[PDB]
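Asker: To start, I am sharing the structure in question, which I have written as structure tokens.
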Amino acid sequence: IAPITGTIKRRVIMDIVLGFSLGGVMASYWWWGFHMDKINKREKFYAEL
Amino acid sequence: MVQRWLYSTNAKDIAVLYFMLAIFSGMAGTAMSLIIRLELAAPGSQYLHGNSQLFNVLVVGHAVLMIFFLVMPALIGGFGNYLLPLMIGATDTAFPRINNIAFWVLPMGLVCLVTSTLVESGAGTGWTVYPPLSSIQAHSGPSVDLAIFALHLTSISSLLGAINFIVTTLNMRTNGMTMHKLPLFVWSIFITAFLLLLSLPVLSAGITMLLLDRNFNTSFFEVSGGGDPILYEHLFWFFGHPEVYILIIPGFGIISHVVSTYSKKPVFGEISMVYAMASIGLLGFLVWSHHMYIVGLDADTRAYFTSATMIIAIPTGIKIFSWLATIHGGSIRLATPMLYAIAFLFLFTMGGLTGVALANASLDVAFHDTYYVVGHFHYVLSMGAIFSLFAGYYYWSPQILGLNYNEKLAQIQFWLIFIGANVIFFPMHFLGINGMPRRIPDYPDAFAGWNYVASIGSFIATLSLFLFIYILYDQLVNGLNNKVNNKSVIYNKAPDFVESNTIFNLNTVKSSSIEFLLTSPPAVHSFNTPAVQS
Amino acid sequence: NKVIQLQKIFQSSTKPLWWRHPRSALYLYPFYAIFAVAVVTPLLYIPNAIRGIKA
Amino acid sequence: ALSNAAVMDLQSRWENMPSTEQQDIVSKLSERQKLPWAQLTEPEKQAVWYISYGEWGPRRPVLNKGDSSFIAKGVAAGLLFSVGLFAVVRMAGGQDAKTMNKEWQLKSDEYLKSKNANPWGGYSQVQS
Amino acid sequence: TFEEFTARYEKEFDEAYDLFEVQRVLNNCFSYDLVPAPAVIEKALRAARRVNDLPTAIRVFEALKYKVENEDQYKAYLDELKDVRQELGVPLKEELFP
Amino acid sequence: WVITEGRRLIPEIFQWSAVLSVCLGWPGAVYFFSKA
Ligand code: HEA
Ligand code: HEA
Ligand SMILES: [Ca+2]
Ligand SMILES: [Cu+2]
């Protein structure tokens with residue numbers, strides 16, 4: 001009989017790990033999807049200047 | 001009878017009076033918000049003809065009625081007076097006769113406020129009554145004088161109430177209740193009373209300085225005479241930032257108690273919870289001038305106030321995580337108080353992130369005196385303190401009154417207020433980032449977009465309030481029939497997995513406070529022989 | 001001194017505490033007459049102030 | 001054993017059942033359990049479980065079967081009434097500003113476009 | 001430790017003098033993070049027979065089915081406990097169809 | 001543990017992305033439907 005233990009422990013770990021990973025994409029899409037797009041269109045008008 | 005209500009000494013009757021005054025002022029103050037939203041629905045003066053006065057006056061009345069006449073008498077005077085003696089185990093308060101004057105000086109303030117509004121001038125100065133605009137040359141009537149007198153009455157009520165709670169907690173506990181072993185709500189009330197005691201006198205000094213300067217010719221803040229209108233800002237906000245914590249700390253105890261009863265597991269790390277609760281109160285006295293970033297302070301003091309205000313997030317975050325850790329493993333019961341608590345956990349964290357975003361002095365030069373700040377503090381006030389007030393009512397009312405409230409008709413109210421308030425207060429952050437200022441009755445046309453959406457959402461919340469009033473009526477009338485039919489839920493804790501239905505009916509309440517063991521409604525003389533703990 | 005004989009009077013009186021002393025009638029009756037004038041006279045000037053007539 | 005009529009289908013029969021009548025069944029059920037099992041009748045084993053662990057008295061759910069749909073319809077009705085009542089009160093209001101004509105808003109753009117109002121982003125000023 | 005855990009609830013169940021205590025101990029044994037060993041469950045079955053409560057013995061496997069978290073480990077507990085369960089007479093929930 | 005956790009975890013992330021997109025992305029509906 002396998003001593004099933006710590007089901008909560010790793011379930012806790014994955015929950016916290018996913019939260020940072022899912023929050024990682026949310027944070028990363030803001031920086032490199034939206035915010036980085038804003039900088040490039042900003043620089044183009046200044047580049048023509 | 002006159003003797004029972006005019007000569008009250010019983011603390012529970014004073015709590016009922018505090019509650020009754022809170023709802024009337026709550027309805028009065030939430031109609032001015034309706035008129036404000038109707039005036040801001042579209043560009044141009046639509047309902048109020050052209051009067052810029054009677055708009056600022058309505059805003060002042062709304063703010064004062066919501067803060068000093070709804071939240072203060074309900075959370076502190078309503079719940080604190082009724083529940084602190086019962087959970088501690090005291091039969092009543094230490095000073096039972098000044099507990100009555102702590103209440104009866106509140107209706108006088110309402111008379112002073114209404115007669116201030118009815119005088120031809122009015123008080124269009126904001127809830128922060130700044131000296132030069134509210135001086136005798138710009139506000140020349142007896143209006144703001146009467147408004148100041150109301151603040152003195154509320155201050156004396158709060159001070160005499162705060163002195164009562166400190167002595168009551170310190171030496172009226174039962175035979176086993178060491179100061180180390182207290183319910184968290186009592187801890188919140190204790191810390192709130194200590195903040196009030198140390199913060200009220202400075203407000204009284206500043207307000208009396210303003211009064212004497214208007215009528216007694218003292219160059220306290222008059223520019224011609226060496227006075228400084230910025231000294232008033234220091235004096236007022238020294239009571240001002242600590243104040244935003246008197247209105248949320250008793251809101252923390254309610255959430256702490258709610259989430260550990262409908263989730264059948266005790267709070268994760270209680271001693272750290274009380275440490276964090278005390279640290280927020282202690283350290284909030286060191287951050288008051290973040291409300292004065294653009295007033296022209298030194299560069300080095302701005303760095304200090306920026307560094308000290310971010311430390312607030314360290315204990316606060318501890319409370320957010322420890323609330324998410326006491327619900328991880330337990331069994332969750334999705335009732336109305338639990339739905340309010342779960343909504344609070346999300347909306348208050350949304351408000352706090354915007355708050356930490358506002359805490360940086362270098363960024364606040366773009367977000368100050370805009371609707372960004374309004375959207376911020378309407379999350380922690382209208383969704384952080386109001387929600388815990390609704391959760392506390394739905395949590396304790398059947399025990400206090402003895403009348404149930406038709407669950408399915410209350411969850412509708414919860415959803416309506418949720419999706420109504422989110423509509424009012426989420427678009428504000430969009431209006432604030434484009435630079436829409438505060439305290440204006442009419443705005444440039446380009447701002448007409450989100451204002452219409454926010455105005456539509458106010459009617460939803462007003463309808464939810466009307467439904468709540470009907471719920472009150474249906475609770476007081478034929479409320480004894482609600483627990484006979486299947487309209488309401490009777491037990492706040494379902495039996496455990498291996499607990500039979502015939503054994504749950506000999507141990508009905510497994511609670512960690514004396515409140516839910518008392519008869520419904522509690523007796524006038526609750527404790528003859530003192531209760532014993534541990 | 002008189003405390004012992006005043007103790008026996010205040011206890012076993014079955015009257016409100018402000019009416020127990022035999023000399024209390026001298027303070028209470030003139031007080032309610034002046035008190036009524038104090039809390040009713042300012043309420044008469046309220047409508048006069050709302051209209052704006054200064055006396 | 002116990003009479004066949006009483007035990008059979010003692011689930012839908014638990015509610016709408018006299019209190020004194022249902023207190024006699026548990027007295028009989030208790031005595032027959034103090035006897036070696038595998039001798040109990042099948043109707044009884046489904047009866048003792050339901051009384052102990054059924055959905056009656058306590059363990060009744062927070063919401064009944066039809067309550068979830070009632071709350072959904074009630075919430076949607078509240079949104080309809082709020083929006084409908086919003087338009088009625090809007091009729092008893094003042095006239096619009098003279099600058100919301102969509103020809104004022106079109107003319108606002110020529111001023112902005114000549115001054116180069118927004119290089120990244122727009123200056124459309126049109127919301128008619 | 002797990003062996004200390006098993007040997008101390010093996011003693012708690014042997015001392016349970018009423019139907020309130022048996023339902024109190026089993027609510028403690030299944031309240032821990034670890035799934036109990038099959039030696040623990042056997043003693044719990046004996047306790048229910050001692051206080052004469054059939055429905056709590058049925059809920060033992062119902063508690064285990066949600067607790068064991070594996071479809072083969074429930075069969076693993078099933079096989080070793082066939083002799084004691086059949087001897088006692090406890091029916092499973094699926095077999096009972098209540 | 002990979003077999004058991006997969007049956008429950010991955011569907012929830014998809015449900016997760018839906019609700020959060022509703023609470024936060026609702027004003028995008030009003031602007032598109034008729035910014036007009
Ligand atoms: C109950 C009321 C309440 C509460 C609780 C707060 C809480 C906070 N408030 Fe404030 N505030 C007001 C009511 C409140 N406030 C009002 C009414 C005004 C305007 C008054 C006026 O001008 O008229 C105001 C204005 C105001 C200003 C001045 C803005 C200006 O006028 O320009 C600032 C400046 O920093 C501020 C910051 C904060 C911070 C940092 C917190 C912190 O306590 C928040 C901390 C929260 C979090 C940190 C999120 C939760 C924590 C976590 C999720 C853990 C993870 C966190 C991190 C990793 C950081 N708010
Ligand atoms: C507790 C404090 C509180 C509450 C509840 C509210 C509730 C609301 N407020 Fe606000 N408001 C302030 C405190 C509050 N407010 C302050 C301090 C200012 C600054 C004033 C100034 O600039 O000088 C302000 C300013 C302010 C403005 C900006 C004015 C300006 O800057 O010019 C607006 C704009 O729409 C607004 C609207 C609303 C609306 C629509 C509601 C409500 O419709 C939102 C939904 C809430 C309810 C409907 C209340 C429900 C609860 C009850 C009625 C109590 C009964 C319930 C129980 C006992 C459980 N108020
Ligand atoms: Ca208008
Ligand atoms: Cu502050």
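How things are named: the first chain in the structure tokens is A, the next is B, and so on; residues count from 1 in each chain; ligands count from 1 in the order shown.
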Can you pull out the residues contacting range 4-15 of chain D? Cut-off 7 Å, using only C-alpha atoms, and skip same-chain residues under 6 positions away; I want them as a ChimeraX atom specification.
Answerer: /D:43-44,47,50
Asker: Could you give me, as a PyMOL selection string, every polymer residue with an atom at most 8 Å away from an atom of ligand 4, counting only C-alpha atoms and all ligand atoms?
Answerer: chain B and resi 237+240-244+284+287-291
Asker: One decimal, in Å: what's the spacing between CA of residue 34 in chain B and CA of residue 83 in chain D?
Answerer: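 CA of residue 83 in chain D lies 14.5 Å from CA of residue 34 in chain B.
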Asker: Would you give me, as a PyMOL selection string, the residues of chain D that come within 12 Å of chain F, using only C-alpha atoms?
Answerer: chain D and resi 102+124-128
Asker: Could you list, as a PyMOL selection string, all protein and nucleic acid residues with an atom at most 7 Å from ligand 2, counting only C-alpha atoms and all ligand atoms?
Answerer: chain B and resi 22-23+26-27+30+33-34+36-37+59-60+62-63+66-67+70-71+74+126-128+374+378+381-382+386+389-390+393+421+424+438-441+458+461-462+465
Asker: Just to be explicit: take each residue in the selection above, keep C-alpha atoms, and write the result as a PDB file, in the first residue's frame.
Answerer:
```pdb
ATOM      1  CA  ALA B  22     -27.635  55.217  10.254  1.00  0.00           C
ATOM      2  CA  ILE B  23     -30.247  53.976   7.766  1.00  0.00           C
ATOM      3  CA  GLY B  26     -27.855  56.497   4.581  1.00  0.00           C
ATOM      4  CA  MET B  27     -30.970  56.976   2.470  1.00  0.00           C
ATOM      5  CA  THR B  30     -27.546  58.283  -1.264  1.00  0.00           C
ATOM      6  CA  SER B  33     -25.449  60.899  -5.100  1.00  0.00           C
ATOM      7  CA  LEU B  34     -28.377  60.136  -7.410  1.00  0.00           C
ATOM      8  CA  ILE B  36     -25.112  64.261  -8.713  1.00  0.00           C
ATOM      9  CA  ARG B  37     -25.106  61.401 -11.217  1.00  0.00           C
ATOM     10  CA  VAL B  59     -21.444  66.992  -2.514  1.00  0.00           C
ATOM     11  CA  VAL B  60     -20.507  68.168   0.993  1.00  0.00           C
ATOM     12  CA  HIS B  62     -23.320  63.526   0.628  1.00  0.00           C
ATOM     13  CA  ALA B  63     -19.760  63.037   1.881  1.00  0.00           C
ATOM     14  CA  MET B  66     -21.971  58.905   4.198  1.00  0.00           C
ATOM     15  CA  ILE B  67     -18.858  59.089   6.391  1.00  0.00           C
ATOM     16  CA  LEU B  70     -23.531  56.112   8.191  1.00  0.00           C
ATOM     17  CA  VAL B  71     -20.242  54.235   8.607  1.00  0.00           C
ATOM     18  CA  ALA B  74     -23.026  51.633  12.157  1.00  0.00           C
ATOM     19  CA  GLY B 126     -15.880  70.215   0.308  1.00  0.00           C
ATOM     20  CA  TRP B 127     -15.576  67.832   3.220  1.00  0.00           C
ATOM     21  CA  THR B 128     -12.010  69.126   3.615  1.00  0.00           C
ATOM     22  CA  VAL B 374     -12.228  59.029  -6.771  1.00  0.00           C
ATOM     23  CA  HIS B 378     -14.677  54.356  -3.941  1.00  0.00           C
ATOM     24  CA  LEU B 381     -15.146  52.775   0.837  1.00  0.00           C
ATOM     25  CA  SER B 382     -18.151  51.850  -1.320  1.00  0.00           C
ATOM     26  CA  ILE B 386     -20.091  49.009   2.615  1.00  0.00           C
ATOM     27  CA  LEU B 389     -21.429  46.309   6.536  1.00  0.00           C
ATOM     28  CA  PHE B 390     -23.875  44.311   4.409  1.00  0.00           C
ATOM     29  CA  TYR B 393     -25.893  42.692   8.809  1.00  0.00           C
ATOM     30  CA  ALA B 421     -21.218  49.426  -8.303  1.00  0.00           C
ATOM     31  CA  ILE B 424     -20.172  53.146 -11.589  1.00  0.00           C
ATOM     32  CA  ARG B 438     -12.644  66.496  -9.326  1.00  0.00           C
ATOM     33  CA  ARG B 439     -15.445  68.599  -7.861  1.00  0.00           C
ATOM     34  CA  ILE B 440     -16.846  70.023 -11.099  1.00  0.00           C
ATOM     35  CA  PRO B 441     -20.538  70.033 -12.129  1.00  0.00           C
ATOM     36  CA  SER B 458     -26.257  54.381 -10.270  1.00  0.00           C
ATOM     37  CA  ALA B 461     -27.520  50.369  -7.066  1.00  0.00           C
ATOM     38  CA  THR B 462     -30.462  52.572  -6.073  1.00  0.00           C
ATOM     39  CA  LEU B 465     -31.123  49.720  -2.037  1.00  0.00           C
TER      40      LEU B 465
END
```
Asker: Counting only C-alpha atoms and all ligand atoms, what residues are within 6 Å of ligand 1, given as a list in words?
Answerer: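 I would give the residues around ligand 1 as residues 244, 245, 247, 248, 290, 291, 309, 310, 312, 313, 316, 317, 320, 349, 352, 353, 355, 356, 358, 359, 364, 368, 373, 377, 380 and 381 of chain B.
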Asker: Using only C-alpha atoms, determine which residues lie at most 10 Å from residue 18 in chain E, disregarding the query and same-chain residues fewer than 3 positions distant; provide the list as a PyMOL selection string.
Answerer: chain E and resi 15+21-24+47-48+50-52
Asker: What would the file look like if the residues just selected were written as a short mmCIF file (atom, residue, chain, number, x, y, z; two decimals), in the first residue's frame with N, CA and C atoms?
Answerer:
```
data_model
loop_
_atom_site.label_atom_id
_atom_site.label_comp_id
_atom_site.auth_asym_id
_atom_site.auth_seq_id
_atom_site.Cartn_x
_atom_site.Cartn_y
_atom_site.Cartn_z
N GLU E 15 -11.07 2.81 22.04
CA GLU E 15 -11.74 3.46 23.16
C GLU E 15 -12.71 4.50 22.59
N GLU E 21 -18.92 9.49 20.03
CA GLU E 21 -17.46 9.45 20.04
C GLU E 21 -16.92 8.79 18.78
N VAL E 22 -17.60 7.76 18.27
CA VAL E 22 -17.15 7.10 17.05
C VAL E 22 -17.21 8.06 15.87
N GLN E 23 -18.30 8.82 15.76
CA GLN E 23 -18.41 9.80 14.69
C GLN E 23 -17.52 11.01 14.93
N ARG E 24 -17.01 11.18 16.15
CA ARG E 24 -16.06 12.26 16.41
C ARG E 24 -14.64 11.85 16.03
N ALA E 47 -15.42 -0.50 15.30
CA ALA E 47 -16.06 0.43 16.23
C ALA E 47 -17.54 0.62 15.91
N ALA E 48 -17.87 0.75 14.63
CA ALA E 48 -19.27 0.93 14.24
C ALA E 48 -20.11 -0.27 14.64
N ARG E 50 -19.48 -2.06 17.15
CA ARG E 50 -19.55 -2.05 18.60
C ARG E 50 -20.63 -1.11 19.11
N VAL E 51 -20.84 0.03 18.43
CA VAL E 51 -21.90 0.96 18.83
C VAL E 51 -23.19 0.75 18.05
N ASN E 52 -23.24 -0.26 17.17
CA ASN E 52 -24.47 -0.67 16.48
C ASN E 52 -25.03 0.47 15.62
#
```
Asker: Taking only C-alpha atoms and all ligand atoms and a cut-off of 9 Å, can you tell me which residues surround ligand 3, written as a PDB file with N, CA, C and O atoms, in the first residue's frame?
Answerer:
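That gives us pocket33.pdb:
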```
ATOM      1  N   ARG B  37     -25.242  62.197 -10.002  1.00  0.00           N
ATOM      2  CA  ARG B  37     -25.106  61.401 -11.217  1.00  0.00           C
ATOM      3  C   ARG B  37     -26.038  61.902 -12.314  1.00  0.00           C
ATOM      4  O   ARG B  37     -25.665  61.919 -13.492  1.00  0.00           O
ATOM      5  N   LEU B  38     -27.256  62.309 -11.948  1.00  0.00           N
ATOM      6  CA  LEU B  38     -28.179  62.851 -12.939  1.00  0.00           C
ATOM      7  C   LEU B  38     -27.663  64.163 -13.517  1.00  0.00           C
ATOM      8  O   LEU B  38     -27.927  64.483 -14.681  1.00  0.00           O
ATOM      9  N   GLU B  39     -26.931  64.941 -12.718  1.00  0.00           N
ATOM     10  CA  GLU B  39     -26.383  66.197 -13.217  1.00  0.00           C
ATOM     11  C   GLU B  39     -25.155  65.970 -14.093  1.00  0.00           C
ATOM     12  O   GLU B  39     -24.901  66.753 -15.016  1.00  0.00           O
ATOM     13  N   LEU B  40     -24.393  64.911 -13.833  1.00  0.00           N
ATOM     14  CA  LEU B  40     -23.200  64.590 -14.606  1.00  0.00           C
ATOM     15  C   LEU B  40     -23.464  63.612 -15.742  1.00  0.00           C
ATOM     16  O   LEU B  40     -22.512  63.191 -16.405  1.00  0.00           O
ATOM     17  N   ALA B  41     -24.723  63.240 -15.981  1.00  0.00           N
ATOM     18  CA  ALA B  41     -25.025  62.257 -17.019  1.00  0.00           C
ATOM     19  C   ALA B  41     -24.632  62.761 -18.403  1.00  0.00           C
ATOM     20  O   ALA B  41     -24.109  61.995 -19.221  1.00  0.00           O
ATOM     21  N   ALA B  42     -24.879  64.035 -18.687  1.00  0.00           N
ATOM     22  CA  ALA B  42     -24.613  64.603 -19.999  1.00  0.00           C
ATOM     23  C   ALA B  42     -23.991  65.982 -19.848  1.00  0.00           C
ATOM     24  O   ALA B  42     -24.189  66.646 -18.824  1.00  0.00           O
ATOM     25  N   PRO B  43     -23.225  66.431 -20.844  1.00  0.00           N
ATOM     26  CA  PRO B  43     -22.669  67.789 -20.790  1.00  0.00           C
ATOM     27  C   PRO B  43     -23.767  68.842 -20.756  1.00  0.00           C
ATOM     28  O   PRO B  43     -24.854  68.663 -21.308  1.00  0.00           O
ATOM     29  N   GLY B  44     -23.468  69.950 -20.098  1.00  0.00           N
ATOM     30  CA  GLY B  44     -24.471  70.980 -19.894  1.00  0.00           C
ATOM     31  C   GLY B  44     -25.257  70.757 -18.619  1.00  0.00           C
ATOM     32  O   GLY B  44     -25.435  69.635 -18.147  1.00  0.00           O
ATOM     33  N   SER B  45     -25.734  71.857 -18.045  1.00  0.00           N
ATOM     34  CA  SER B  45     -26.515  71.794 -16.815  1.00  0.00           C
ATOM     35  C   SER B  45     -27.922  71.327 -17.160  1.00  0.00           C
ATOM     36  O   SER B  45     -28.717  72.086 -17.725  1.00  0.00           O
ATOM     37  N   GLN B  46     -28.233  70.080 -16.816  1.00  0.00           N
ATOM     38  CA  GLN B  46     -29.467  69.439 -17.253  1.00  0.00           C
ATOM     39  C   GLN B  46     -30.600  69.599 -16.246  1.00  0.00           C
ATOM     40  O   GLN B  46     -31.719  69.958 -16.623  1.00  0.00           O
ATOM     41  N   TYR B  47     -30.333  69.337 -14.967  1.00  0.00           N
ATOM     42  CA  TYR B  47     -31.394  69.317 -13.963  1.00  0.00           C
ATOM     43  C   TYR B  47     -31.297  70.515 -13.024  1.00  0.00           C
ATOM     44  O   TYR B  47     -32.265  71.264 -12.863  1.00  0.00           O
ATOM     45  N   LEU B  48     -30.140  70.706 -12.397  1.00  0.00           N
ATOM     46  CA  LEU B  48     -29.881  71.955 -11.695  1.00  0.00           C
ATOM     47  C   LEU B  48     -29.584  73.033 -12.727  1.00  0.00           C
ATOM     48  O   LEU B  48     -28.666  72.886 -13.539  1.00  0.00           O
ATOM     49  N   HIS B  49     -30.363  74.114 -12.693  1.00  0.00           N
ATOM     50  CA  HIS B  49     -30.443  75.054 -13.808  1.00  0.00           C
ATOM     51  C   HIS B  49     -29.078  75.596 -14.217  1.00  0.00           C
ATOM     52  O   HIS B  49     -28.599  75.306 -15.318  1.00  0.00           O
ATOM     53  N   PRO B 441     -19.172  70.455 -11.794  1.00  0.00           N
ATOM     54  CA  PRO B 441     -20.538  70.033 -12.129  1.00  0.00           C
ATOM     55  C   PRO B 441     -20.728  69.726 -13.603  1.00  0.00           C
ATOM     56  O   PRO B 441     -21.681  69.041 -13.983  1.00  0.00           O
ATOM     57  N   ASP B 442     -19.828  70.225 -14.443  1.00  0.00           N
ATOM     58  CA  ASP B 442     -19.962  70.104 -15.882  1.00  0.00           C
ATOM     59  C   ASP B 442     -18.571  70.075 -16.502  1.00  0.00           C
ATOM     60  O   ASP B 442     -17.655  70.764 -16.049  1.00  0.00           O
ATOM     61  N   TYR B 443     -18.423  69.268 -17.543  1.00  0.00           N
ATOM     62  CA  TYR B 443     -17.125  68.834 -18.030  1.00  0.00           C
ATOM     63  C   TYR B 443     -17.060  69.010 -19.539  1.00  0.00           C
ATOM     64  O   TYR B 443     -18.097  69.144 -20.197  1.00  0.00           O
TER      65      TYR B 443
ATOM     66  N   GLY D  93     -35.773  66.387 -18.689  1.00  0.00           N
ATOM     67  CA  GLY D  93     -34.505  67.067 -18.525  1.00  0.00           C
ATOM     68  C   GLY D  93     -34.369  68.179 -19.542  1.00  0.00           C
ATOM     69  O   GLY D  93     -35.218  68.360 -20.417  1.00  0.00           O
ATOM     70  N   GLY D  94     -33.279  68.929 -19.413  1.00  0.00           N
ATOM     71  CA  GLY D  94     -33.032  70.037 -20.307  1.00  0.00           C
ATOM     72  C   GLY D  94     -32.539  69.596 -21.671  1.00  0.00           C
ATOM     73  O   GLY D  94     -32.232  68.430 -21.914  1.00  0.00           O
ATOM     74  N   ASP D  96     -30.049  69.421 -25.031  1.00  0.00           N
ATOM     75  CA  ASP D  96     -28.635  69.124 -25.186  1.00  0.00           C
ATOM     76  C   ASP D  96     -27.851  70.392 -25.505  1.00  0.00           C
ATOM     77  O   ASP D  96     -28.405  71.411 -25.928  1.00  0.00           O
TER      78      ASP D  96
END
```
Asker: Set the cut-off to 12 Å and count only C-alpha atoms: what are the residues of chain E that reach chain D? Output as a tab-separated table (two decimals) with N, CA, C and O atoms, in the first residue's frame.
Answerer:
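The resulting file, result_11.tsv, is shown below:
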```
chain	number	residue	atom	x	y	z
E	23	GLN	N	-18.30	8.82	15.76
E	23	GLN	CA	-18.41	9.80	14.69
E	23	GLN	C	-17.52	11.01	14.93
E	23	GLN	O	-17.31	11.80	14.01
E	48	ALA	N	-17.87	0.75	14.63
E	48	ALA	CA	-19.27	0.93	14.24
E	48	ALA	C	-20.11	-0.27	14.64
E	48	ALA	O	-21.24	-0.12	15.13
E	49	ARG	N	-19.58	-1.48	14.43
E	49	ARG	CA	-20.26	-2.68	14.91
E	49	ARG	C	-20.42	-2.67	16.43
E	49	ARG	O	-21.40	-3.20	16.95
E	50	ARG	N	-19.48	-2.06	17.15
E	50	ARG	CA	-19.55	-2.05	18.60
E	50	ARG	C	-20.63	-1.11	19.11
E	50	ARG	O	-21.29	-1.41	20.11
E	51	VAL	N	-20.84	0.03	18.43
E	51	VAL	CA	-21.90	0.96	18.83
E	51	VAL	C	-23.19	0.75	18.05
E	51	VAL	O	-24.14	1.51	18.23
E	52	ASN	N	-23.24	-0.26	17.17
E	52	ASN	CA	-24.47	-0.67	16.48
E	52	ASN	C	-25.03	0.47	15.62
E	52	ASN	O	-26.15	0.94	15.82
E	53	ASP	N	-24.24	0.89	14.64
E	53	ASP	CA	-24.67	1.91	13.68
E	53	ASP	C	-24.24	1.47	12.28
E	53	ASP	O	-23.07	1.61	11.91
E	54	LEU	N	-25.18	0.93	11.52
E	54	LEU	CA	-24.90	0.56	10.13
E	54	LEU	C	-24.56	1.75	9.24
E	54	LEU	O	-23.58	1.65	8.48
E	55	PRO	N	-25.29	2.87	9.26
E	55	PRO	CA	-25.00	3.94	8.29
E	55	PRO	C	-23.62	4.58	8.42
E	55	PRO	O	-23.13	5.14	7.44
E	56	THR	N	-22.99	4.54	9.60
E	56	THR	CA	-21.65	5.11	9.69
E	56	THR	C	-20.61	4.19	9.07
E	56	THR	O	-19.59	4.66	8.54
E	57	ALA	N	-20.84	2.87	9.10
E	57	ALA	CA	-19.95	1.94	8.43
E	57	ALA	C	-20.02	2.11	6.92
E	57	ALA	O	-19.01	1.98	6.22
E	58	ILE	N	-21.22	2.40	6.39
E	58	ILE	CA	-21.36	2.64	4.96
E	58	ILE	C	-20.60	3.90	4.56
E	58	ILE	O	-19.97	3.95	3.50
E	59	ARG	N	-20.66	4.94	5.40
E	59	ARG	CA	-19.98	6.19	5.11
E	59	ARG	C	-18.46	6.09	5.23
E	59	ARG	O	-17.76	7.03	4.82
E	62	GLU	N	-17.43	5.62	1.69
E	62	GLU	CA	-17.79	6.87	1.03
E	62	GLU	C	-16.81	7.97	1.37
E	62	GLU	O	-16.45	8.79	0.51
E	85	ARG	N	-15.13	-6.75	5.44
E	85	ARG	CA	-16.38	-6.12	5.04
E	85	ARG	C	-17.47	-7.16	4.80
E	85	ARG	O	-18.60	-7.00	5.26
E	86	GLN	N	-17.14	-8.23	4.07
E	86	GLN	CA	-18.12	-9.28	3.82
E	86	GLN	C	-18.51	-9.99	5.11
E	86	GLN	O	-19.68	-10.34	5.30
E	87	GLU	N	-17.55	-10.22	6.01
E	87	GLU	CA	-17.86	-10.84	7.29
E	87	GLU	C	-18.79	-9.96	8.12
E	87	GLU	O	-19.75	-10.46	8.72
E	88	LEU	N	-18.53	-8.66	8.16
E	88	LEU	CA	-19.39	-7.75	8.90
E	88	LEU	C	-20.75	-7.60	8.22
E	88	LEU	O	-21.79	-7.69	8.89
E	89	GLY	N	-20.76	-7.38	6.91
E	89	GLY	CA	-21.99	-7.18	6.17
E	89	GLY	C	-22.19	-5.79	5.62
E	89	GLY	O	-23.28	-5.49	5.12
E	90	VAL	N	-21.18	-4.92	5.69
E	90	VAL	CA	-21.29	-3.55	5.22
E	90	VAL	C	-21.48	-3.55	3.70
E	90	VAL	O	-20.66	-4.12	2.98
E	91	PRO	N	-22.54	-2.93	3.19
E	91	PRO	CA	-22.67	-2.75	1.74
E	91	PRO	C	-22.11	-1.42	1.27
E	91	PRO	O	-22.19	-0.40	1.95
E	92	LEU	N	-21.54	-1.44	0.07
E	92	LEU	CA	-21.08	-0.21	-0.55
E	92	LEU	C	-22.28	0.62	-1.00
E	92	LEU	O	-23.41	0.13	-1.10
E	93	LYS	N	-22.03	1.91	-1.25
E	93	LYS	CA	-23.12	2.79	-1.66
E	93	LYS	C	-23.65	2.41	-3.03
E	93	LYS	O	-24.87	2.36	-3.24
E	94	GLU	N	-22.76	2.13	-3.98
E	94	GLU	CA	-23.20	1.78	-5.33
E	94	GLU	C	-24.02	0.50	-5.32
E	94	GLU	O	-25.06	0.41	-6.00
E	95	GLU	N	-23.58	-0.51	-4.57
E	95	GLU	CA	-24.35	-1.75	-4.47
E	95	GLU	C	-25.70	-1.51	-3.80
E	95	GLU	O	-26.71	-2.10	-4.19
E	96	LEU	N	-25.73	-0.65	-2.78
E	96	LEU	CA	-26.96	-0.42	-2.03
E	96	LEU	C	-28.00	0.32	-2.88
E	96	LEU	O	-29.20	0.07	-2.75
E	97	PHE	N	-27.55	1.22	-3.75
E	97	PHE	CA	-28.43	2.09	-4.52
E	97	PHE	C	-29.40	2.87	-3.63
E	97	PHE	O	-30.62	2.71	-3.75
E	98	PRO	N	-28.90	3.73	-2.73
E	98	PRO	CA	-29.85	4.54	-1.96
E	98	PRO	C	-30.07	5.91	-2.58
E	98	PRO	O	-29.30	6.30	-3.47
```
Asker: Pull out every residue of chain B sitting within 12 Å of chain A, counting only C-alpha atoms, and send them as a list in words.
Answerer: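 Taking only C-alpha atoms into account, residues 321, 324, 325, 328, 329 and 330 of chain B sit within 12 Å of chain A.
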